[PDB]
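Inside the fold
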There are 4 protein chains.
Amino acid sequence: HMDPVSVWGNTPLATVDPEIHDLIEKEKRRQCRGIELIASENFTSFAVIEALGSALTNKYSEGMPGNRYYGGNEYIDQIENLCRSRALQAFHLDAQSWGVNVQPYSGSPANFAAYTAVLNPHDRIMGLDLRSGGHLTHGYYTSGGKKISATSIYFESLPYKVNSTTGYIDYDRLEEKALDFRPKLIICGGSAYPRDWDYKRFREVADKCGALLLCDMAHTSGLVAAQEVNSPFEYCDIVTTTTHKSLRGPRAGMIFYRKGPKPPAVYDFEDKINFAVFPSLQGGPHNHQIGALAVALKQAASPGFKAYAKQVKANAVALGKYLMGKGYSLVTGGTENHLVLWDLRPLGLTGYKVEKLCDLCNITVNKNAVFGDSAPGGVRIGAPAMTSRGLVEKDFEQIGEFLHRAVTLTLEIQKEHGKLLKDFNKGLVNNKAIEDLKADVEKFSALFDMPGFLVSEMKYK
Amino acid sequence: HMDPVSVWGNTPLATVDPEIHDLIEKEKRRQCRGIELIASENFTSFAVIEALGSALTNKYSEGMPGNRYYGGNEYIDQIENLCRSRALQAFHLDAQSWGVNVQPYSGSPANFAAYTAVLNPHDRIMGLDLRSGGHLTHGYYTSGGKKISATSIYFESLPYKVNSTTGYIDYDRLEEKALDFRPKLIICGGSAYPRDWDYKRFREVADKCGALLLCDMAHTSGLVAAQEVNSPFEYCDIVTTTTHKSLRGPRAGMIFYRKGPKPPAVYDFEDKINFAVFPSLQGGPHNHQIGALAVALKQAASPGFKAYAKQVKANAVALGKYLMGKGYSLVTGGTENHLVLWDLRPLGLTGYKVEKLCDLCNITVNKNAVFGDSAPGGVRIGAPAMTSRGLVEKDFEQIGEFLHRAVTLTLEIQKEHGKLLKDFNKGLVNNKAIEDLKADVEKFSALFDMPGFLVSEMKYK
Amino acid sequence: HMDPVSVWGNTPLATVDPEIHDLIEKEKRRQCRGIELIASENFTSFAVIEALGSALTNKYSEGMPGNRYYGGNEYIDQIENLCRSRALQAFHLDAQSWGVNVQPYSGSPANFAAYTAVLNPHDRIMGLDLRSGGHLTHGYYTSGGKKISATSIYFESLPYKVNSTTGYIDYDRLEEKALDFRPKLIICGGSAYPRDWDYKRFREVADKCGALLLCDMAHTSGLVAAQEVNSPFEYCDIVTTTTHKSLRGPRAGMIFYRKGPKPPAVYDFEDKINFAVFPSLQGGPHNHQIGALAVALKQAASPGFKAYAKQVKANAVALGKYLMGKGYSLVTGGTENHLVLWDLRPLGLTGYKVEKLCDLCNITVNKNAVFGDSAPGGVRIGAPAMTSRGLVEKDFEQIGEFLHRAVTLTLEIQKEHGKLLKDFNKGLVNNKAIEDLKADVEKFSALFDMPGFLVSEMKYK
Amino acid sequence: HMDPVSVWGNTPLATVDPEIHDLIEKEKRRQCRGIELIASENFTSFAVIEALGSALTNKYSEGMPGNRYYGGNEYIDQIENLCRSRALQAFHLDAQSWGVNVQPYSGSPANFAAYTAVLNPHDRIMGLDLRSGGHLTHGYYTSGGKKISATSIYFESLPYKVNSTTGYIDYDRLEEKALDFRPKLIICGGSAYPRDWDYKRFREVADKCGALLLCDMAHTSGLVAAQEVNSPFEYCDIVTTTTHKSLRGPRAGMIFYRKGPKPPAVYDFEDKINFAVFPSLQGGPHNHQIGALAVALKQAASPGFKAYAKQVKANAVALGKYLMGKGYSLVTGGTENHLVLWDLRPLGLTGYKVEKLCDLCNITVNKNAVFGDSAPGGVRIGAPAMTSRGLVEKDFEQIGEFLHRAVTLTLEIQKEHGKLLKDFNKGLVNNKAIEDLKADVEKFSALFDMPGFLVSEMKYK
Ligand SMILES: Cc1ncc(COP(=O)(O)O)c(CNCC(=O)O)c1O
Ligand SMILES: Cc1ncc(COP(=O)(O)O)c(CNCC(=O)O)c1O
Ligand SMILES: Cc1ncc(COP(=O)(O)O)c(CNCC(=O)O)c1O
Ligand SMILES: Cc1ncc(COP(=O)(O)O)c(CNCC(=O)O)c1O
């Protein structure tokens with residue numbers, strides 16, 4: 001006997017799977033009972049979530065709008081076309097000069113799809129070094145030669161670094177490397193770089209060594225959409241990105257590519273990039289993701305989002321100024337985007353130690369490498385998540401006070417117990433000073449609203 | 001001025017984005033107002049959709065449960081661990097002998113992650129030929145040498161075909177190729193193969209040529225979970241799959257791998273496959289997909305799903321017997337799984353011609369290559385989608401009657417106008433016989449229930 | 001104190017290095033005191049040896065004639081231009097349609113230089129299987145996947161085989177493989193194939209799969225120059241060869257390439273092949289080799305050489321007919337070129353066993369694989385070497401009598417001692433029946449003249 | 001009718017091929033009627049030439065001594081074994097710690113055979129930049145990305161350069177590159193570097209980045225054998241070389257490799273390198289070259305050669321001091337080996353201009369790139385060739401006087417006519433000052449003896 005559709009197919013989640021429903025409720029509480037400062041995280045809208053969780057997940061639409069393998073894509077084509085036309089207008093792109101593919105399952109697939117389109121296997125790539133604030137998908141191998149990233153497995157990568165004293169990108173060392181290594185593709189953008197990017201200088205370097213210029217604006221896509229940072233579309237041939245970070249959308253990827261006549265002969269990125277996504281690398285697109293993304297791109301083009309992105313920068317600046325006013329060191333001594341990079345080596349601490357104690361106070365940050373590392377000696381702190389909950393400068397200055405108290409309690413424990421990780425941990429068990437900070441954090445966290453779900457109806461406190 | 005969280009973050013989709021909401025509603029109507037026979041499609045449960053569209057999309061959990069880069073994954077780890085333990089028990093796998101990774105964004109990423117883990121670039125791969133019913137990600141290049149699939153771009157592929165008269169896999173020609181070509185990996189499983197797979201014979205071939213044996217059970221994962229077809233876990237080293245087809249879950253991928261002591265020395269797939277998914281190829285996992293997948297795997301282990309998979313096989317058989325009783329030819333003359341492959345060359349027709357007229361009657365099938373093609377000459381028809389709506393043998397025999405009438409009207413149009421596409425199309429405009437079939441289809445379609453959403457609350461008719 | 005030029009630089013070899021001079025004298029005696037039947041060996045002229053051992057070894061002439069890096073190549077250019085113009089006329093090639101590069105250090109470098117010119121790394125190549133009578137540089141890997149040949153290391157190779165019963169090339173199986181594997185280059189020619197090649201059929205196959213057609217005529221270059229076998233220049237794009245085999249020249253290589261307009265648009269092999277030899281792969285050319293080769297190409301274009309090549313075929317035929325008249329089996333039951341392939345499996349023997357006993361009678365042959373091998377079960381016997389010493393059919397029929405007696409004594413030893421290699425060897429020590437054959441061989445060998453050096457002045461008997 | 005062996009095989013070269021014999025005679029005159037200063041050239045002994053031009057060219061000996069495919073190698077094995085034992089003692093190598101393979105056809109094949117043995121395709125290599133005085137086979141691609149050298153085609157190369165002001169190897173920039181690029185092999189040695197190599201520093205860099213260390217001592221092999229320069233065997237894992245330069249032997253190659261226990265576990269280079277030479281890359285060895293090489297290695301181990309190598313260094317120093325005493329600039333301001341690198345940019349001249357006028361005075365040098373080039377602006381002048389003819393410091397100081405007059409006439413011509421090549425050439429036609437230098441050169445050249453052949457018996461003046 002088969003179960004009727006009503007029993008298995010229409011019954012709500014809370015009845016079909018109590019375990020998963022209960023676990024999702026605890027995650028919802030965890031997301032609003034603490035302080036989330038992961039620079040790559042955000043809280044998306046309930047409207048995006050509704051499109052994400054819809055019947056759009058049932059449709060196979062292999063191919064592109066108007067050129068699908070299967071029939072019955074009358075509305076999938078309208079949703080995708082709306083999504084890519086919104087993607088272009090959200091970043092103020094003329095359709096005669098720019099095209100976009102909104103089918104990458106995520107940012108990492110978007111980057112590897114861009115590589116396949118414009119490069120052959122073992123072609124040379126240059127990207128920002130991980131320790132300097134770069135990303136894996138830009139190329140990464142260890143000191144022993146172990147090719148960690150797939151970019152360094154199927155292509156030959158070589159990283160350019162920041163100045164080992166100022167923390168800024170060494171554009172003179174970048175040009176020197178690009179002329180020796182002769183990369184076929186140069187990647188700009190990063191995950192923990194607290195300054196803006198000189199895309200015009202990257203263009204001069206790229207032109208000098210005959211390389212294509214790609215920008216991975218994943219972290220700052222929201223700021224780019226609101227024109228709160230430099231636009232890579234003015235100088236790069238290809239722009240890839242995620243959509244779930246500062247853009248505040250679903251987990252997905254996009255690949256922007258130049259179209260039309262080349263500057264002082266027509267660009268031919270469109271077909272290569274479309275073909276790389278499908279049929280080369282990916283199968284059917286996740287239409288529910290594309291529907292949710294179309295919602296996020298319309299929200300990203302609204303005046304409220306421009307104020308949000310402007311607030312994100314002001315909150316990261318206010319947090320950084322508050323930390324430096326307490327004697328703490330920041331890489332480059334400030335920020336021009338959504339995050340600050342906090343150098344903890346001058347304090348005799350490591351990123352892990354501060355990250356672990358902050359997690360025990362429901363303050364979510366991540367240990368991060370700082371220029372001149374040897375054991376990451378810094379923490380990366382981002383503003384988008386809490387800014388999406390309505391926090392402004394005064395609230396972020398209160399976040400700096402919590403971080404101030406967190407590192408102060410981290411030093412007192414290291415002083416009492418030692419600089420040995422094993423010795424350090426012994427000072428966190430039953431520590432009543434942490435529990436008073438955890439409580440001030442939760443109470444401060446619970447004074448703000450939360451997008452995506454209604455707190456009034458959530459199952460846990 | 002920033003928009004308050006209530007305005008942008010808590011407002012429902014129907015108000016934030018009327019366009020996308022309206023388009024999703026029409027897709028919902030399209031999904032239940034017609035007859036969906038795409039063998040790779042299904043209608044997932046509302047419980048899966050609720051987990052899919054949740055706050056689980058806000059969390060970055062790069063890494064593995066218990067081995068994450070970031071903190072605050074207390075409940076994400078529980079959701080993922082529950083998902084992998086449910087994946088093992090859904091396929092009756094001993095945890096000491098099998099492991100699974102549930103982070104692949106989709107089926108295509110799962111396969112390429114499996115390749116990266118066990119193979120080096122340019123390693124040789126063998127998979128079922130596309131024209132013989134294989135998949136792109138198993139390897140595909142054109143006759144001009146143009147490497148279409150990424151599997152044939154970063155690896156060296158060579159396809160094995162079916163017997164050009166029986167339509168069955170030529171296992172003697174497979175062994176001959178595997179001994180000449182000496183592949184490092186042999187892939188079994190396909191997208192349009194209507195018979196079961198002799199995994200024991202594939203093991204003999206793999207052992208003879210010293211190759212790893214992988215099975216892509218994407219299409220028949222639901223049947224494998226219910227033990228309605230041969231289990232590849234008894235003879236394959238790695239088993240990859242999608243989760244949104246016969247498994248009736250969300251759009252995602254899984255990679256099963258052997259662990260523990262080797263048969264007549266311990267398997268070492270676990271770390272390679274996990275490392276290939278992250279940090280090599282993918283970034284943060286889509287936790288909402290994993291939550292939705294964990295729900296689907298519990299539904300897949302229920303007695304109702306076991307009856308569903310048995311019904312899928314009975315419906316495809318009943319549909320095939322009905323088509324052969326009307327004089328239509330099927331590849332291999334029947335089916336042992338969820339689909340039938342309908343050879344239309346004996347009728348003087350092409351798959352496209354039949355697919356186009358069926359699309360106008362809201363009958364969704366896909367043109368498909370048939371063994372001995374030179375313009376695909378067949379159509380692939382699947383049972384999972386309509387079977388999930390409660391259709392049984394009698395209903396699928398009525399579906400064959402609709403297909404019978406559809407091809408009968410396709411021959412009458414070709415007879416009157418010709419084999420010229422322009423002339424053929426001319427016979428579909430204002431054709432009243434099609435409108436009588438479409439009307440008979442919709443009315444027949446509207447007599448069944450629908451999973452994922454409640455039809456009583458939908459916006460369109 | 002430096003040694004004067006007279007002491008170190010002008011003193012003959014017999015005084016400077018007694019060891020090496022004495023060893024060269026013993027090699028000279030070994031070359032004329034026995035019967036040399038290695039199909040790839042020959043005895044070159046004293047004129048070739050004089051040019052080989054000349055002051056031409058002192059000059060660096062990197063580049064091509066008229067486009068050298070260094071000066072002082074006034075006469076090197078004249079020698080090389082004369083060498084390549086003689087190479088074209090020796091093979092009856094119109095200079096408007098064919099070009100040649102005479103700088104490959106040997107045949108193996110010539111083949112790999114041709115590959116580099118027309119192929120990118122990992123491009124697919126097809127060549128005659130080693131066991132079917134092919135060559136390493138055409139591609140070879142073991143059954144375990146060990147890439148033996150550099151052709152299979154830097155390119156992807158796949159061998160085509162002969163019919164496992166007739167011993168002829170399976171052109172239908174060749175076409176089948178070329179259409180599945182889609183090689184970018186197809187290689188014809190071999191080392192132990194006793195029949196001619198259907199180059200027109202190779203052209204049809206190459207055209208069908210869109211591949212370039214190369215012929216490695218190393219073994220039969222002398223027969224091609226005298227037009228005693230099929231000419232590959234009528235159907236192949238590139239022809240590579242050694243010059244020290246049937247061509248009877250020095251150890252070197254040549255690469256012939258098509259020039260001018262393509263048949264029913266102009267060929268562009270010239271610059272790629274010239275560039276691949278230098279500066280890509282090789283350094284300075286061995287001018288002494290090129291001078292010696294120019295001598296050999298003039299000798300190859302003389303009427304005496306055409307009679308020699310015609311005699312080589314007649315001697316190999318007479319030897320084969322004599323062996324088959326004694327009940328011995330030959331692959332394909334005869335020969336159309338310079339060698340016979342003697343299948344010893346019907347006798348219960350292996351090639352090694354016959355080769356070892358023949359070497360003890362100063363009869364030089366080589367064990368060779370025969371179609372359908374599992375321990376090579378055949379011996380390869382060639383005619384050029386002894387034919388260059390003036391032997392005709394009657395003498396080669398006497399060689400068959402010696403081979404007849406050699407295998408008869410090989411069977412008597414296997415009968416008395418056993419089919420175990422260890423047991424077999426025990427029957428060769430102090431065996432007086434071998435010593436009577438060795439003596440008849442030396443006495444028969446010493447009844448003919450020898451090129452390259454004067455036997456009257458040689459140091460040993 | 002076949003030609004008897006006496007007619008074609010025993011007739012001397014002067015009768016069989018008058019053209020080639022006449023051209024070889026003119027080359028002999030050219031070699032002794034002028035001044036040869038190509039740093040890569042030398043005049044080998046008549047004993048080497050006699051072994052080079054012998055019956056040793058008739059024998060196929062594929063494999064290794066004692067492990068041959070064919071029989072009848074009793075004396076070829078003795079010649080090769082003597083050659084490898086002489087190679088080891090010529091460079092004072094303990095046979096338990098070092099092995100050598102003497103089958104590379106030339107230096108370029110020796111290097112690529114070493115790469116294949118220890119590296120996989122696309123493995124990273126670092127070598128001295130071509131403009132800084134490196135060699136093609138160490139890696140070379142143009143600024144457009146065009147991979148010129150085969151080393152940069154089948155492997156990924158990156159060159160290290162000299163200091164752009166001192167002209168010395170920048171070992172700090174070498175270590176920086178090796179730690180960024182992470183090469184699997186580092187190559188030391190060059191073609192136009194006038195100083196010695198700090199192999200101990202290369203070992204520190206190699207050990208720091210986990211790379212193998214190879215030295216291409218081709219140019220200075222004679223000086224290494226006489227211990228007149230630093231020995232790379234003390235710090236390198238593999239040492240490759242030519243044998244026809246300062247070693248004063250035939251055109252061939254050798255690959256030295258470490259064996260036995262590793263320094264503070266046993267080296268495994270022996271089998272890989274031997275297998276790479278055969279059967280991977282090369283076919284049958286050129287036994288005549290190995291015989292000639294064995295002769296040269298015995299001459300290289302004689303006290304006369306030790307004095308020769310000491311004289312080569314003294315002559316290059318005396319020539320360099322004479323040029324600097326006339327106000328000419330040398331890279332690094334001197335020399336520690338066999339050559340000087342003459343910077344002509346301070347004179348307003350190019351290397352080509354000086355090379356062309358020197359070629360018209362029968363002074364053979366080569367234009368060469370100098371550190372900081374943008375049209376090579378220097379000339380490379382070597383001492384081995386003329387030193388082998390008995391020239392000492394006083395004679396090389398007279399060579400500098402000729403070079404002084406040559407460049408003085410080059411400036412006088414540039415002054416009168418201009419820096420336009422057409423105008424410059426116009427000053428060399430009927431120029432009586434050049435004819436007075438040519439006459440002074442020939443008469444000076446004809447006052448010295450010549451190795452390889454007896455001048456008393458030569459056909460031309
Ligand atoms: C056998 C098989 N394996 C993997 C995949 C990849 O699934 P994704 O779309 O998630 O990449 C497919 C797609 N099947 C498409 C079809 O049969 O119509 C497939 O058929
Ligand atoms: C700059 C950048 N680009 C691409 C990606 C890939 O996104 P996916 O995880 O969806 O594949 C990331 C992930 N950034 C992760 C972090 O910084 O925390 C990223 O930081
Ligand atoms: C340092 C070095 N190594 C290897 C080679 C290769 O030698 P072959 O020509 O045998 O391939 C050369 C050529 N030296 C050329 C020159 O300096 O003029 C070389 O200079
Ligand atoms: C057909 C063929 N082509 C090329 C070569 C290479 O020649 P070199 O050894 O000079 O590299 C050989 C060697 N033939 C060896 C044999 O059959 O005995 C050959 O047989």
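As deposited, the entry is annotated with X-ray crystallography as its determination method and 2.3500 Å as its resolution.

**Section: the site of ligand 1**
In the vicinity of ligand 1, 20 residues are found, and the nearest of them are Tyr60 and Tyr70 of chain A together with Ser106, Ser191 and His219 of chain B. Of the chains in the model, those with residues near ligand 1 are chains A and B. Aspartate 216 of chain B is positioned with one of its side-chain polar atoms (N or O) 2.9 Å from a nitrogen atom of ligand 1. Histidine 219 of chain B is positioned with one of its side-chain polar atoms (N or O) 2.7 Å from an oxygen atom of ligand 1. When ligand 1 sits alone it has 470 Å² of accessible area, and the protein chains cover 99% of it. A class-by-class count of the residues in the shell around ligand 1 yields four nonpolar, twelve polar and four charged.

**Remarks on the relation of the copies chain A and chain B**
The transform that puts chain A on chain B rotates by 180 degrees and translates by 0.0 Å along the axis, for an RMSD of 0.2 Å. In short, the pair behaves as if placed about a two-fold rotation axis. Across chain A, the smallest distance between a C-alpha and the rotation axis is recorded for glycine 53 of chain A, namely 1.9 Å.

**Observations regarding the packing of aromatic side chains**
Taken as a whole and judged by the stated rule, the model has 88 aromatic pairs over all chains. Between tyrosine 267 of chain B and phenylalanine 269 of chain B, the aromatic rings sit 5.5 Å apart at their centres with planes inclined by 35 degrees, giving tilted as the arrangement. The exposure classification of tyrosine 267 of chain B matches that of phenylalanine 269 of chain B, with both residues buried. Site record: aromatic cluster; members linked through ring pairs are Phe112, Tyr115, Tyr154 and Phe155 of chain A together with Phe112, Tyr115, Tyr154 and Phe155 of chain B. Lying across the ring of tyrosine 60 of chain B, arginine 251 of chain A places its NZ or CZ 4.4 Å from the centre. The aromatic ring of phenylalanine 424 of chain B is capped on one face by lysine 353 of chain B, whose charged end is 6.0 Å from the ring centroid.

**Structural notes on the interface of chain A and chain B**
Across the contact, 112 residues belong to chain A and 111 residues belong to chain B. Of the roughly 9500 Å² buried between chain A and chain B, counting both surfaces, carbon and sulfur atoms make up 62%. There are six salt bridges connecting chain A and chain B. We note a salt bridge from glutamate 41 of chain B to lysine 59 of chain A, for which the minimum N-O separation is 3.2 Å. Seen at the junction of chain A and chain B, the total is 52 residue pairs in polar contact. Broken down by element, the side of chain A that touches chain B gets its largest block of residues, nine residues, from helix α3 (residues 18-32) of chain A.

**Examining the side chain of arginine 251 of chain B**
As for its placement among the helices and strands, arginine 251 of chain B is situated in the loop between β9 (238-242) and β10 (253-258). One buried charged residue, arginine 251 of chain B, remains without a salt bridge, the closest side chain of opposite sign being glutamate 41 of chain B at 6.2 Å. Of the polar contacts made by the side chain of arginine 251 of chain B, one reaches the backbone oxygen of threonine 57 of chain A; its length is 2.9 Å. Ignoring sequence-local partners within four residues, the contact set of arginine 251 of chain B consists of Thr57, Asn58, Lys59, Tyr60, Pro285, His286 and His288 of chain A together with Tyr105, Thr243, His244 and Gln289 of chain B.

**Focus on the pattern of salt bridges**
For the structure shown, the criterion picks out 114 salt bridges over all chains. The partner of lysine 177 of chain D in a salt bridge is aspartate 180 of chain A, and the shortest N-O contact between them spans 3.6 Å. Taken together, the residues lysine 177 of chain D in helix α8 (residues 171-181) and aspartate 180 of chain A in helix α8 (residues 171-181) connect one chain to another. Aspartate 180 of chain A matches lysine 177 of chain D in its accessibility class, with the two residues each being buried.

**Some details on the domain arrangement of chain A**
All names here are of chain A. Domains assigned within chain A are domain 1 (55-300) and domain 2 (308-453). With centres defined by C-alpha atoms, the gap from domain 1 to domain 2 works out at 30 Å. Contacts between domain 1 and domain 2 engage 23 residues on the former and 23 residues on the latter. Partitioning the side of domain 1 that touches domain 2 into residue classes produces eight nonpolar, ten polar and five charged.

**Some words on the packing of helix α5 (residues 74-90) of chain B against helix α12 (residues 287-300) of chain B**
All names here are of chain B. Between α5 and α12, the shortest axis-to-axis distance is 9 Å and the interhelical angle comes to 35 degrees. As for the relative orientation of α5 and α12, their crossing is left-handed in sense. On α12, the residues that touch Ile76, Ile79, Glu80, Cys83, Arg86, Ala87 and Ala90 of α5 are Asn287, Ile290, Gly291, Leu293, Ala294, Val295, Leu297 and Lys298. Here the residues of the contact of α5 with α12 sort into ten nonpolar, two polar and three charged.

**Notes on the sheet that holds strand β10 (residues 253-258) of chain D**
Residue and element names in this part refer to chain D. Spatial ordering of the open sheet is given by β4-β10-β9-β8-β7-β5-β6, a layout of seven strands whose pairing is mixed. Sheet topology places β4 (98-101) and β6 (156-160) at the edges, where each strand pairs with a single neighbour. With strand direction ignored, the average angle separating the axes of adjacent strands in the sheet is 20 degrees. Strand direction decides the pairing type here: strand β9 (residues 238-242) and β10, joined by five bridges, are antiparallel. Within β10, the residue paired with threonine 242 across the bridge is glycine 253.

Scoring rules and cut-offs
Residues numbered from 1 in each chain as written, not as in the entry; some residues may be left out. Chains lettered and ligands numbered in written order. Heavy atoms only, no water. Residues with missing side-chain atoms left out of burial classes, pairs and counts. Near = heavy atom within 4 Å. Polar contact = N/O pair within 3.5 Å; in protein donor to acceptor, adjacent residues only side chain to side chain. Areas by Shrake-Rupley, 256 points an atom, 1.4 Å probe, with all protein chains shown as cover. Nonpolar A, V, L, I, M, F, W, Y, C, P; charged D, E, K, R; others polar. Least-squares fit on C-alpha atoms. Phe/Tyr/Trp six-rings, centres within 6.5 Å; stacked < 30°, edge-to-face > 60°. Buried < 20%, exposed > 50% of the residue type's maximum accessible area, 1.4 Å probe, protein only. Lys NZ or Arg CZ within 6 Å of the ring centre and 35° of its normal. Contact = heavy atoms within 4.5 Å. Buried area = accessible area lost by both parts, 1.4 Å probe. Salt bridge = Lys/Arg side-chain N within 4 Å of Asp/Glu carboxyl O. Helix = DSSP H or I, 4+ residues; strand = E, 2+ residues; numbered from the N terminus. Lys, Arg positive; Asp, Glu negative; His and termini not counted. Domains from an automatic or database assignment. Axes fitted to C-alpha atoms, helices over the stretch in contact; angles between N-to-C directions. Left-handed = near helix turned anticlockwise from the far one by under 90°. Pairing = 2+ DSSP bridges.

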